[PDB]
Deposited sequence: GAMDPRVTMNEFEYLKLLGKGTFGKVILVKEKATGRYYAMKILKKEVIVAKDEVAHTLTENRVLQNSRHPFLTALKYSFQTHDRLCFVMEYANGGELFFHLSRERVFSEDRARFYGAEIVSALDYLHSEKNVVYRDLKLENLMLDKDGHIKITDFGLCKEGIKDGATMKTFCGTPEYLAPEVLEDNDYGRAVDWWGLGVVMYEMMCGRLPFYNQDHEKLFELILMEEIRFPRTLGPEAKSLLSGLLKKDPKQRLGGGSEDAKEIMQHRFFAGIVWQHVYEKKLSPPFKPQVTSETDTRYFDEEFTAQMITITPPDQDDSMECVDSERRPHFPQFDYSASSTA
């Protein structure tokens, strides 16, 4: 029967476009979770109750180690709430901020895990994530990746089936999307180039605060390759950021599999990635469940029919 009275509210872990995320404790079980809390009002106001249903449904039907589990969805009169498994090692944005750059081996580990989950989404849920960014990437207690946020997913995409909605994050949009062409799943692979490029290089491949200029870069210019990149790495990023989806790594019929075979991932054993038998190159050092050292402090520190019923929103897990 779940409501807000069933949890204690301990820490604000993050805030923004996505509503507010709070480290909560379930009263009846003592268990910790991240509760993402939206106001029903902003969601109608931005004509996007469809995103929330999409996210609800994508979370209920996914079980995968590198996607954050849902334990409850419940709504109130004024809010929608997604109680999800808590990722205790923090935001990867946090971590790459402190370190500037990841090692090849470390970027390889995370990227392996992202490919795993995205290959899952594509080939088992027929879902195209669409919004892969550093900011949507958490770490659990053992240092494994967790992808969160499914509002911008496309559902029911099979083979090369295509889509037209103009969405994502400006800095990550793939060329064929800027081009106002119909696009398919190879978007997700473009997004993965930008995240790998960020991890290994220390900056986005295309940057301007002016979008018109930012979009012209994405369309017009080749990536720069820092001289610290090994030849395998120059090759994976070059292939993942082919501007033509048809020429992109992961963009033929074999999808993720063209990326798993790439020499950058040589001697990564994919079933081992999946089964979590590879050592995370960084074990978060947390001192308890309530310890939020790896969450960013602007947040840790803080502490009608515009309000409709969302039908069959409410959910409680039981595999």
Unmodelled ranges, which are counted on the deposited sequence from position 1 and given in order: 1-5, 309-324, 341-342
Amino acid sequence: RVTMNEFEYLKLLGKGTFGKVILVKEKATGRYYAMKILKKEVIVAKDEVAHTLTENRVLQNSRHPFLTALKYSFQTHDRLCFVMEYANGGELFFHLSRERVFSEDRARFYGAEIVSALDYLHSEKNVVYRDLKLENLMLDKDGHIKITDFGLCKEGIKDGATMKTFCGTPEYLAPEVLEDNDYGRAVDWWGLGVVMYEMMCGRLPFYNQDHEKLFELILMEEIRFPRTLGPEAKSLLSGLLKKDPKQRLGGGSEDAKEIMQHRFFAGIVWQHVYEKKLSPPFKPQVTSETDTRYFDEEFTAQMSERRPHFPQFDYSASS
From here on, numbers count along this sequence of modelled residues.
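Heads up, when I say rigid core I mean the largest set of C-alphas that superpose within 1.5 Å between the two forms.
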Stretch departing more from the displayed form, 43-51 or 63-71, Cα RMS in 5 other deposited structures of this protein (core fit): 43-51
Greatest C-alpha divergence in 5 other deposited structures of this protein once each structure is fitted on the rigid core, 274-282 or 290-298: 290-298
Greater mean Cα temperature factor according to the PDB record, 286-294 or 271-279: 286-294
Comparing 226-234 with 71-79, the one whose average Cα B-factor in the PDB entry is higher: 71-79
CA B-factor ranking of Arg203, expressed as a third of its chain: lowest
Record-listed C-alpha B factor of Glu221: chain third: lowest
Third of the chain's Cα B-factor distribution that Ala161 belongs to, per the entry: highest
Record-listed C-alpha B factor of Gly251: chain third: lowest
Ranked against its chain, the third holding the CA B-factor of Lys40: highest
